[PDB]
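Enquirer: Right, I'll just put the structure down here and ask away after.
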Amino acid sequence: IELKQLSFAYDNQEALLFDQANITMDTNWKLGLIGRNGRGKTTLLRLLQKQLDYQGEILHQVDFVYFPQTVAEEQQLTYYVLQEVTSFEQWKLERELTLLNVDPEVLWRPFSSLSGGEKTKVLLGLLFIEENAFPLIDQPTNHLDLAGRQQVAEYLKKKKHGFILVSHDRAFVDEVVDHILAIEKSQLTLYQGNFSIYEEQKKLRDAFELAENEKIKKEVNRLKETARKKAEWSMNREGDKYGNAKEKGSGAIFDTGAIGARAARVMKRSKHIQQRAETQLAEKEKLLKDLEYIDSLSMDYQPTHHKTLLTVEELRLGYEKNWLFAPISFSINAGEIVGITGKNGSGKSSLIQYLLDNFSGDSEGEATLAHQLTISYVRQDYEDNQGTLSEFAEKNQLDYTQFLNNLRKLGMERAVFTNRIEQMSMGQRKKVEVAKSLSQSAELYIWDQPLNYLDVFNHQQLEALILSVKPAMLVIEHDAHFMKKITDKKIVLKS
Amino acid sequence: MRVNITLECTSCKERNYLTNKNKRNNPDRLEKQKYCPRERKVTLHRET
RNA sequence: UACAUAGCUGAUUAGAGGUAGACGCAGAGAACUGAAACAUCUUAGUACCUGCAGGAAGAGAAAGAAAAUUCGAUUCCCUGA
RNA sequence: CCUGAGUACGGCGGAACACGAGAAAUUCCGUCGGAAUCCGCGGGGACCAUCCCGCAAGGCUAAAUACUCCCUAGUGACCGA
RNA sequence: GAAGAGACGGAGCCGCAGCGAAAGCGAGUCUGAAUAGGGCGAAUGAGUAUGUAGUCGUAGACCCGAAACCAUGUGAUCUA
RNA sequence: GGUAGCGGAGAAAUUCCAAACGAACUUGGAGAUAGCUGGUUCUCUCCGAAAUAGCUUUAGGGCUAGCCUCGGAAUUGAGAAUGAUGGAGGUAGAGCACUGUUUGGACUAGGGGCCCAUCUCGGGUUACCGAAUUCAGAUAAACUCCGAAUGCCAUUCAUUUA
RNA sequence: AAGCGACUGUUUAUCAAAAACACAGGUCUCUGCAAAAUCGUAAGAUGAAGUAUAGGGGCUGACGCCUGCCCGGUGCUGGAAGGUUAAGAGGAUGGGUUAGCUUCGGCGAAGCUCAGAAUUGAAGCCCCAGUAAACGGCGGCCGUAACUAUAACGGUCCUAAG
RNA sequence: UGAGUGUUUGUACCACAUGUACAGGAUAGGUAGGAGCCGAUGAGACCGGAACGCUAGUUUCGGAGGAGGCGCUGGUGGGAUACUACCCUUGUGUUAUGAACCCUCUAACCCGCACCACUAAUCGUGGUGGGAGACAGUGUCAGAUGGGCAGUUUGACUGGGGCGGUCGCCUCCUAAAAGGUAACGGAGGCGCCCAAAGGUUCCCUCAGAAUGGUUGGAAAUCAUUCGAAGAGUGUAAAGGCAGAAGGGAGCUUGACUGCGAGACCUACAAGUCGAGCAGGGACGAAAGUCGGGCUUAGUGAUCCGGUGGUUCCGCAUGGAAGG
RNA sequence: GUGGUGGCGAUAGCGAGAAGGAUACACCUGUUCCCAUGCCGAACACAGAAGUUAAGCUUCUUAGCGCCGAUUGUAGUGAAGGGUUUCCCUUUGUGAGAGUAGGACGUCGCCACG
RNA sequence: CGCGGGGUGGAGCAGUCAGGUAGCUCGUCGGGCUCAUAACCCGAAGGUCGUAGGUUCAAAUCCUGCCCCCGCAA
RNA sequence: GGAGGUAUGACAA
Ligand SMILES: Nc1ncnc2c1ncn2[C@@H]1O[C@H](COP(=O)(O)OP(=O)(O)OP(=O)(O)O)[C@@H](O)[C@H]1O
Ligand SMILES: Nc1ncnc2c1ncn2[C@@H]1O[C@H](COP(=O)(O)OP(=O)(O)OP(=O)(O)O)[C@@H](O)[C@H]1O
Ligand SMILES: [K+]
Ligand SMILES: [K+]
Ligand SMILES: [K+]
Ligand SMILES: [K+]
Ligand SMILES: [Mg+2]
Ligand SMILES: [Mg+2]
Ligand SMILES: [Mg+2]
Ligand SMILES: [Mg+2]
Ligand SMILES: [Mg+2]
Ligand SMILES: [Mg+2]
Ligand SMILES: [Mg+2]
Ligand SMILES: [Mg+2]
Ligand SMILES: [Mg+2]
Ligand SMILES: [Mg+2]
Ligand SMILES: [Mg+2]
Ligand SMILES: [Mg+2]
Ligand SMILES: [Mg+2]
Ligand SMILES: [Mg+2]
Ligand SMILES: [Mg+2]
Ligand SMILES: [Mg+2]
Ligand SMILES: [Mg+2]
Ligand SMILES: [Mg+2]
Ligand SMILES: [Mg+2]
Ligand SMILES: [Mg+2]
Ligand SMILES: [Mg+2]
Ligand SMILES: [Mg+2]
Ligand SMILES: [Mg+2]
Ligand SMILES: [Mg+2]
Ligand SMILES: [Mg+2]
Ligand SMILES: [Mg+2]
Ligand SMILES: [Mg+2]
């Protein structure tokens, strides 16, 4: 597999997402493919499929599979949509799902009734069923739990031939992956090693860049100073060609040509020094290209007297009296974070739906908000967002400036604000949702997997901010380390 | 941003025209009804 | 170092060296110059040096030139240009 | 049965071929690797097939060609201290 | 064949047909879808060999004149 | 006696290496190169310039055009000058009709204080400073309501020459 | 009486005798012996017919009192995990051709040939530490006292250090 | 520059084992057969250990045992077992091979190590010991370092030169009523934008002032009158435009293809305008306008490479390479 | 006489004032249809003919505004000269702008109807 | 008149390159602790970043000017 | 019971 002189930009783009890429991999490498949000990972996988108009050249002679598969008829049954996408063996899929954790009764439900967990797990079953094709695996571990990730890593270690995946999940790629493509800012890189190695070497590169820049800045300032001083000296010598009209005899000067010659030599020193400074600036201009320039975040937390913001009492919840988890009682006070956890399909989003009253199932038990409580909300199902941002921020009563501010702080370049939410990457749509939440003045925050389709930098931003402000929050995550860093009030719902 | 552009006859796949456009104001792939002298008719010329 | 070889001695055999400040084979091999600067390139495989020489040398009887089914070993002049 | 083996050829590095690596055939030097032999081998300007031409890796070979320190006989719209 | 003139020697050179990148066509050709128009050409026509003079090019090229560069060699009887 | 020039020696100065060493001397390449200075030899006759544009790692050099000379050629004699006629053109001048600058006066929005009234609300005056309008007066290379003399282009127009 | 150099010496043959050079002394650094360094294509030689109290190189320059801070940068020394890192080995695949198939299209074995991947592949670079008698470097602003001035003192920013 | 051992192992054979989804008698590898098949050639089936492992178990090793057995048929499951083979993933071994790496050997190479001889010789050549040793050295190729050394470069304009500034393009003045015209003379701009800011058809006319009116002011927006341009014309200045080039709304894409008489400017290279013809269209009823914008800046040679097309060529032929 | 439609540098116009509708042009009554008004049958478009020409539109007066515009004289200036030469003067020839006298409230046609 | 470097709460400073909505330390003010003062602790105030405009969704930051300060010149 | 060793606080009054 070879990329030769590839250049590419979507029709919307001002700039080049790729500019003369020149690389070579094969079907044997266990390859990771990493980068921030909006760099071209999914785009590049499509270009490997030849699904878009690649300028330059691409060489391959191998059949591909892209996870997630593109699906229609989200109303119809899961078995129907899966047969429509790719035929398979029902029992083989049962085996894969039961090595994972979900009952095949999900197959004979509609495809949207599932959670993202079971969606992901089932399409990964479809992946695993295929044998000959070359896996392209775009963000598999998102919407997934420890057991699923463990079994998936087991499968991928057992994997004889090669594959490609996009993760954002450091430990997960470190377990399995050998080679790494890295779509850095302004260029592209290929290493042999895991994401930890990539971290180390990129830190070294950044250190070198910054140090060399500081050297150049210091030296150029020095040389500019010296140039100015030599220049003033020359001018003072040119002043000797002439005398003073106030005092007699000062003129009648002889060999002004030699005077001017020597002054010219001094100016020529000044100019040599300036040219050196210019060359050093030219060296400077090659620097600071693969950096991120990380930034903090903000949060419009607006508390009130309500020290009790949510209560739950004996809440047993489910569909058709197949009650989905044992009854629970708990509470969310002010400045307190609560980590609601469990397996996939354990009923967490169902609990959120019972709170916000849009639960189409069976309820027994109590759940009480406060009187005039304001919610901010980050859901697991943000597909519904559509259109421009100047219209999104009108549908959702926001400040457009604070909105785009929080977006750029999350790491979206301002070339992207002209795009449409249909066009943006899933990470960028996720950033739109998070920026909505952060911009909404609210008193309780309800976060249903904010951490899926984001970057490590975004993970760090969110952790630092939530640990700095410590607002009242409900949280749902499978990144157990994050919940360890933040919360102690952890609550594991289960059947 | 403002870029010089070769259009192209969708049938002949022949370029036949040079033009200009924004990417901000004209992000979608531009199209016109222009003459293809190889066909000696008018045809949908699409940017490439 | 025993067999012997080296070594030593004696008889033999043929080389040395310079010409012709000219010609020709080989080895090694410049720069000024020209390119209006200059580095590739040019001057130039020239000058210089060295070796081998002979009256000439060198090349030389096709694992060729062509496209004609054809010319029949090299060398040199004209021409191709 | 024989018909010129560390050879032709190839890789790397360099040269000469009008041909400056260029699409670079052909020839030669260094280095390393490394064939078959008559149903065979090389060339015909990358290269493959067909056709044609030739049969390397061993040697010699006069003549036409270049030059004059010199010898003889001489010549000049060459010189005349 | 007097160091000759001259004879022989038609291989080759120029011109007589050009147009086009070329295939190729041909007083036409190329561009062009094109009998269009336009360009280059023909019907308008004269060249060639030698001599001679002016001029140009390659050769030192009009005469003198550098500092300098390179390659042999000679010099420590001066002085270190 | 030894060290020899892409070098040697140097108690080190660019110093000495056969009477001038930032790289000896000699021979050859070699008649180096010189957009640089100097020179370039007999006569007469005909005609007779330029020192300008453009481009130039170009500016004291060069190339093309311009200006000169010589030969041929043809063309409704085009060329030159003067007159008549008709045109383009906005200059000197003049003017303020626009754009700017600007003087004095009438009036004045508005801006200053002083006092009464103060919720700082409404005035009344220094002939207080004064937009803007208007009267009169000025001004201009980058102002023109106007606008020449000249010069320019052209006339199967005329005259005279070539 | 003062400056320079400690001294005796050497120095620009032919404009400079000196405060310049050397000097003993000091310090740093290299070198275990076929030394290191140097001349030279190499042999060979000096070093040395020596052997770390010897030799070479750099700086300073008798003697006396001293020789402060800085290893952030440039070098050097040592180190080493990781990434990257040439030729070479490696040979996957892809074009060109064509025996043969074809359905005209087109496909295409073997061989040959043109490009040649993955993998492997040293020093070095990125990195850690040390090193300044190694290269080199050694700050600003603001106030602050019972006359006034001034600031023992304080604050602040940067620095590798001030 | 060869003799080994060992390790990491690559490949290839050949023998070994190990295959637990869920439910399910239960640790079900796929496939077909499959209801037969095994046992004193030691059954049923117990004991200790070993491997793996999902920790449920499978198998084997050894001990006891001394006679029986496994499954069918049927239930769940996609698939039911026993047993036969075709076997397939995974990881153990034998052997042959290929590399990399460490140590060991000595027989190549080497010793400014000793002794002997040539020999009177601190050379050298040999011989015998000893040491190191397939390293070094040398050759070829490649990477890093390399002023130790070499060959070279290091603009012009310019009121001397140098700095500053400038170098290409557009507009005005200078510029002397055609055109042109210089200065290190005066002032400014450009290195783009627009998919409608183009085209066509239809329609419209601005700026400001006065008056009045609510927030609403000095001034938004509304209405009348005054209103000749005092506005606007994407972007600088000049020229011009209210018969619009300004403004608005429909339909489109002529911001077409091949061209082009003839003129302007011009040293050359270039630049500018262009009626009109042909094809095929847009708008409009039609006339008729449309080969970008309001006019003038928004740009740069050749060489060299890249992309697409081509009825061009293809070193004897067909192709291909390459043009 | 009115209406339409053209040419001539508005000497044509702008303002003010008077009268008229015979036909005519106009206003005018509406939205029934073609069609239309980023709102409105105001404008566009359509149909009609109760009413008034008040307005617009015609004809007349007005020299207030604007337009045209001499003659004279001057400035400037070509050519030829002079001087006391950043300027000034003389001869000849041409000759403005301004300021006026004055003109000017239209001229020439074609067509339909009365 | 020009060339460099500066104008960020009371002082000193970042942030300016890279627009993301003003911060570090000290100081001031208030209240606590203390017999009282300092230190310490808890609070607050003080700047649209010299200024008038543009660009932008958004300017201390980018652009254009204008006004002051320190060096040179002058 | 006893011996030797093992932070700030004006001046004067
Ligand atoms: N269809 C599209 N049209 C236009 N722009 C797009 C389109 N899809 C993606 N982009 C833009 O291209 C860039 C890369 O998007 P892409 O989907 O490749 O991201 P990614 O590498 O997968 O990142 P992420 O972590 O968000 O998944 C982003 O700026 C995104 O907005
Ligand atoms: N409409 C529905 N009808 C029936 N079952 C449903 C329906 N919606 C959801 N479920 C089931 O409810 C369970 C949990 O659903 P829920 O959306 O709450 O999951 P979750 O907690 O968000 O899970 P995950 O970790 O996968 O995101 C799953 O088994 C899912 O199949
Ligand atoms: K030179
Ligand atoms: K011979
Ligand atoms: K070749
Ligand atoms: K250091
Ligand atoms: Mg993606
Ligand atoms: Mg969920
Ligand atoms: Mg030259
Ligand atoms: Mg060959
Ligand atoms: Mg070879
Ligand atoms: Mg003589
Ligand atoms: Mg005589
Ligand atoms: Mg030299
Ligand atoms: Mg001597
Ligand atoms: Mg000196
Ligand atoms: Mg020569
Ligand atoms: Mg004037
Ligand atoms: Mg003194
Ligand atoms: Mg002394
Ligand atoms: Mg003395
Ligand atoms: Mg002397
Ligand atoms: Mg000293
Ligand atoms: Mg020795
Ligand atoms: Mg040098
Ligand atoms: Mg040279
Ligand atoms: Mg100069
Ligand atoms: Mg000057
Ligand atoms: Mg003019
Ligand atoms: Mg051929
Ligand atoms: Mg051929
Ligand atoms: Mg007049
Ligand atoms: Mg206090």
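Identifiers in the structure tokens: chain A, B, ... in order shown; residue index from 1 per chain; ligand index from 1 in order shown.
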So that I can check the surroundings of range 399-405 of chain A, please list as a list in words every protein, DNA and RNA residue that reaches within 9 Å of it, counting only C-alpha atoms (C1' of nucleotides) and ignoring chain neighbours fewer than 4 positions away.

Expert: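 Residues near the query, excluding close chain neighbours: residues 389, 390, 393, 394, 409, 410, 412, 414, 417, 432, 435, 436, 438, 439 and 440 of chain A; 20, 21, 57 and 58 of chain J.
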
Enquirer: Kindly export the residues of the current selection with C-alpha atoms (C1' of nucleotides), as a PDB file, in the first residue's frame.

Expert:
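And here's result-v1.pdb as it stands now:
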```pdb
ATOM      1  CA  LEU A 389     -23.752  27.344  13.842  1.00  0.00           C
ATOM      2  CA  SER A 390     -25.303  30.802  13.549  1.00  0.00           C
ATOM      3  CA  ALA A 393     -27.111  28.973  18.369  1.00  0.00           C
ATOM      4  CA  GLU A 394     -30.502  30.502  17.518  1.00  0.00           C
ATOM      5  CA  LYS A 409     -10.708  26.497  23.260  1.00  0.00           C
ATOM      6  CA  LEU A 410     -11.719  22.873  22.710  1.00  0.00           C
ATOM      7  CA  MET A 412     -11.667  23.620  16.508  1.00  0.00           C
ATOM      8  CA  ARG A 414     -11.942  28.954  12.980  1.00  0.00           C
ATOM      9  CA  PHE A 417     -17.132  27.656  11.607  1.00  0.00           C
ATOM     10  CA  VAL A 432     -20.369  21.418  19.357  1.00  0.00           C
ATOM     11  CA  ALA A 435     -19.705  23.805  23.810  1.00  0.00           C
ATOM     12  CA  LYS A 436     -23.482  24.085  23.945  1.00  0.00           C
ATOM     13  CA  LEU A 438     -20.514  24.798  28.660  1.00  0.00           C
ATOM     14  CA  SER A 439     -22.197  27.921  27.276  1.00  0.00           C
ATOM     15  CA  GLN A 440     -25.595  27.152  28.815  1.00  0.00           C
TER      16      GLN A 440
ATOM     17  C1'   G J  20     -11.080  33.425  22.070  1.00  0.00           C
ATOM     18  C1'   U J  21     -13.424  38.073  25.793  1.00  0.00           C
ATOM     19  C1'   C J  57     -18.963  36.233  15.537  1.00  0.00           C
ATOM     20  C1'   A J  58     -15.366  38.266  18.852  1.00  0.00           C
TER      21        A J  58
END
```

Enquirer: Can I get the residues close to ligand 7 as a list in words, where close means within 10 Å and we count only C-alpha atoms (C1' of nucleotides) and all ligand atoms?

Expert: residues 34, 35, 36, 37, 38, 39, 40, 41, 42, 43, 44, 45, 137, 138, 139, 166, 167, 424, 425, 426, 427, 428, 453 and 454 of chain A

Enquirer: With only C-alpha atoms (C1' of nucleotides) and all ligand atoms counted, collect every polymer residue having an atom within 10 Å of ligand 25; state the result as a PyMOL selection string.

Expert: chain H and resi 147+149-152

Enquirer: Leaving out residue 29 in chain C and any residue of its chain fewer than 2 positions from it, which residues lie within 9 Å of it when counting only C-alpha atoms (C1' of nucleotides), given as a PyMOL selection string?

Expert: chain C and resi 45+48-49

Enquirer: Determine, for each residue of chain A having at least one atom at most 6 Å from an atom of chain B, the closest pair of atoms and their separation in Å to one decimal, counting only C-alpha atoms; order by chain and ascending number, as CSV.

Expert:
```
residue,atom,partner,partner_atom,distance
A:11,CA,B:27,CA,5.6
A:12,CA,B:27,CA,4.6
A:14,CA,B:1,CA,4.9
```

Enquirer: Please, could you write that set of residues out with N, CA, C and O atoms as a PDB file, in the first residue's frame?

Expert:
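Result file is part_27.pdb:
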```pdb
ATOM      1  N   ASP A  11     -14.310  20.129  -0.908  1.00  0.00           N
ATOM      2  CA  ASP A  11     -14.744  21.274  -1.691  1.00  0.00           C
ATOM      3  C   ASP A  11     -14.954  22.498  -0.813  1.00  0.00           C
ATOM      4  O   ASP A  11     -14.744  23.630  -1.261  1.00  0.00           O
ATOM      5  N   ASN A  12     -15.357  22.289   0.440  1.00  0.00           N
ATOM      6  CA  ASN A  12     -15.565  23.378   1.383  1.00  0.00           C
ATOM      7  C   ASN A  12     -14.269  24.038   1.831  1.00  0.00           C
ATOM      8  O   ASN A  12     -14.300  25.195   2.262  1.00  0.00           O
ATOM      9  N   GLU A  14     -10.726  25.852   2.494  1.00  0.00           N
ATOM     10  CA  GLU A  14      -9.785  26.848   2.003  1.00  0.00           C
ATOM     11  C   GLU A  14      -8.396  26.260   1.810  1.00  0.00           C
ATOM     12  O   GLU A  14      -7.693  26.638   0.867  1.00  0.00           O
TER      13      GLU A  14
END
```

Enquirer: Would you pick out the contacts of range 6-11 of chain I at 9 Å or less, using only C-alpha atoms (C1' of nucleotides), so that residues sharing its chain but fewer than 4 positions from it are not included, and give the list as an MDAnalysis selection string?

Expert: chainID I and resid 67:68 103:104 106:110

Enquirer: Emit the selected residues as a PDB file, in the first residue's frame, including C-alpha atoms (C1' of nucleotides).

Expert:
```pdb
ATOM      1  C1'   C I  67     -29.755  80.549 -21.491  1.00  0.00           C
ATOM      2  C1'   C I  68     -27.527  83.172 -25.789  1.00  0.00           C
ATOM      3  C1'   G I 103     -31.740  89.119 -27.873  1.00  0.00           C
ATOM      4  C1'   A I 104     -34.897  85.675 -25.919  1.00  0.00           C
ATOM      5  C1'   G I 106     -39.500  78.900 -29.841  1.00  0.00           C
ATOM      6  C1'   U I 107     -38.329  77.378 -34.578  1.00  0.00           C
ATOM      7  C1'   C I 108     -38.863  73.763 -38.379  1.00  0.00           C
ATOM      8  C1'   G I 109     -41.626  69.545 -40.316  1.00  0.00           C
ATOM      9  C1'   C I 110     -44.972  64.843 -40.816  1.00  0.00           C
TER      10        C I 110
END
```

Enquirer: All residues within 9 Å of ligand 31 are required, counting only C-alpha atoms (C1' of nucleotides) and all ligand atoms; please report them as number ranges by chain.

Expert: D: 44-45; H: 315-316

Enquirer: Write the residues of the preceding selection, restricted to C-alpha atoms (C1' of nucleotides), as a PDB file, in the first residue's frame.

Expert:
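Listed below is the output, again.pdb:
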```
ATOM      1  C1'   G D  44      20.457  -4.388 -34.669  1.00  0.00           C
ATOM      2  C1'   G D  45      20.644   2.753 -29.346  1.00  0.00           C
TER       3        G D  45
ATOM      4  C1'   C H 315      16.136   3.665 -34.694  1.00  0.00           C
ATOM      5  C1'   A H 316      14.826  -3.674 -39.028  1.00  0.00           C
TER       6        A H 316
END
```

Enquirer: Residues within 9 Å of ligand 2 should be enumerated using only C-alpha atoms (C1' of nucleotides) and all ligand atoms and returned as a PyMOL selection string.

Expert: chain A and resi 102-103+105-106+109-110+112-121+143-145+318-320+324+341-353+359-361+380+448-449+476-478

Enquirer: May I have the residues within 12 Å of ligand 14, computed using only C-alpha atoms (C1' of nucleotides) and all ligand atoms, as a PyMOL selection string?

Expert: (chain C and resi 31-32) or (chain E and resi 68-70) or (chain F and resi 6+23) or (chain H and resi 150-152)

Enquirer: Please identify the residues whose atoms come within 8 Å of ligand 32, using only C-alpha atoms (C1' of nucleotides) and all ligand atoms, and report them as a list in words.

Expert: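 Within the 8 Å cut-off, the matching residues are residues 96, 97 and 98 of chain I.
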
Enquirer: Mind listing the residues within 9 Å of ligand 10, only C-alpha atoms (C1' of nucleotides) and all ligand atoms counted, as a PyMOL selection string?

Expert: chain D and resi 9+25-26+42-43

Enquirer: Print the selection's residues with N, CA, C and O atoms (P, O5', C5', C4', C3', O3' and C1' of nucleotides) to a file, as a PDB file, in the first residue's frame.

Expert:
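Once everything was written out, this is again21.pdb:
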```pdb
ATOM      1  P     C D   9      29.831  -8.284 -22.654  1.00  0.00           P
ATOM      2  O5'   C D   9      28.505  -8.763 -21.924  1.00  0.00           O
ATOM      3  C5'   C D   9      28.140  -8.172 -20.696  1.00  0.00           C
ATOM      4  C4'   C D   9      26.991  -8.876 -20.026  1.00  0.00           C
ATOM      5  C3'   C D   9      26.456  -8.142 -18.810  1.00  0.00           C
ATOM      6  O3'   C D   9      25.459  -7.200 -19.158  1.00  0.00           O
ATOM      7  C1'   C D   9      27.016 -10.335 -18.186  1.00  0.00           C
ATOM      8  P     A D  25      23.501   1.831 -21.396  1.00  0.00           P
ATOM      9  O5'   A D  25      23.448   0.689 -22.498  1.00  0.00           O
ATOM     10  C5'   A D  25      22.245  -0.019 -22.729  1.00  0.00           C
ATOM     11  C4'   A D  25      21.988  -0.238 -24.197  1.00  0.00           C
ATOM     12  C3'   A D  25      23.146  -0.799 -24.999  1.00  0.00           C
ATOM     13  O3'   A D  25      23.292  -2.200 -24.870  1.00  0.00           O
ATOM     14  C1'   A D  25      22.234   1.040 -26.146  1.00  0.00           C
ATOM     15  P     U D  26      24.693  -2.818 -24.388  1.00  0.00           P
ATOM     16  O5'   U D  26      25.768  -2.153 -25.353  1.00  0.00           O
ATOM     17  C5'   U D  26      25.848  -2.533 -26.717  1.00  0.00           C
ATOM     18  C4'   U D  26      27.027  -1.900 -27.414  1.00  0.00           C
ATOM     19  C3'   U D  26      28.372  -2.054 -26.728  1.00  0.00           C
ATOM     20  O3'   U D  26      28.977  -3.307 -26.983  1.00  0.00           O
ATOM     21  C1'   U D  26      28.080   0.191 -27.382  1.00  0.00           C
ATOM     22  P     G D  42      23.493 -13.952 -25.128  1.00  0.00           P
ATOM     23  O5'   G D  42      24.117 -12.862 -26.101  1.00  0.00           O
ATOM     24  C5'   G D  42      25.329 -12.218 -25.753  1.00  0.00           C
ATOM     25  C4'   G D  42      25.884 -11.392 -26.882  1.00  0.00           C
ATOM     26  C3'   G D  42      24.984 -10.302 -27.426  1.00  0.00           C
ATOM     27  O3'   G D  42      24.985  -9.139 -26.621  1.00  0.00           O
ATOM     28  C1'   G D  42      25.951 -11.495 -29.215  1.00  0.00           C
ATOM     29  P     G D  43      23.711  -8.169 -26.605  1.00  0.00           P
ATOM     30  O5'   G D  43      23.725  -7.504 -28.051  1.00  0.00           O
ATOM     31  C5'   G D  43      24.794  -6.653 -28.430  1.00  0.00           C
ATOM     32  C4'   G D  43      24.741  -6.268 -29.887  1.00  0.00           C
ATOM     33  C3'   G D  43      23.484  -5.563 -30.356  1.00  0.00           C
ATOM     34  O3'   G D  43      23.467  -4.190 -30.018  1.00  0.00           O
ATOM     35  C1'   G D  43      24.083  -7.228 -31.912  1.00  0.00           C
TER      36        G D  43
END
```
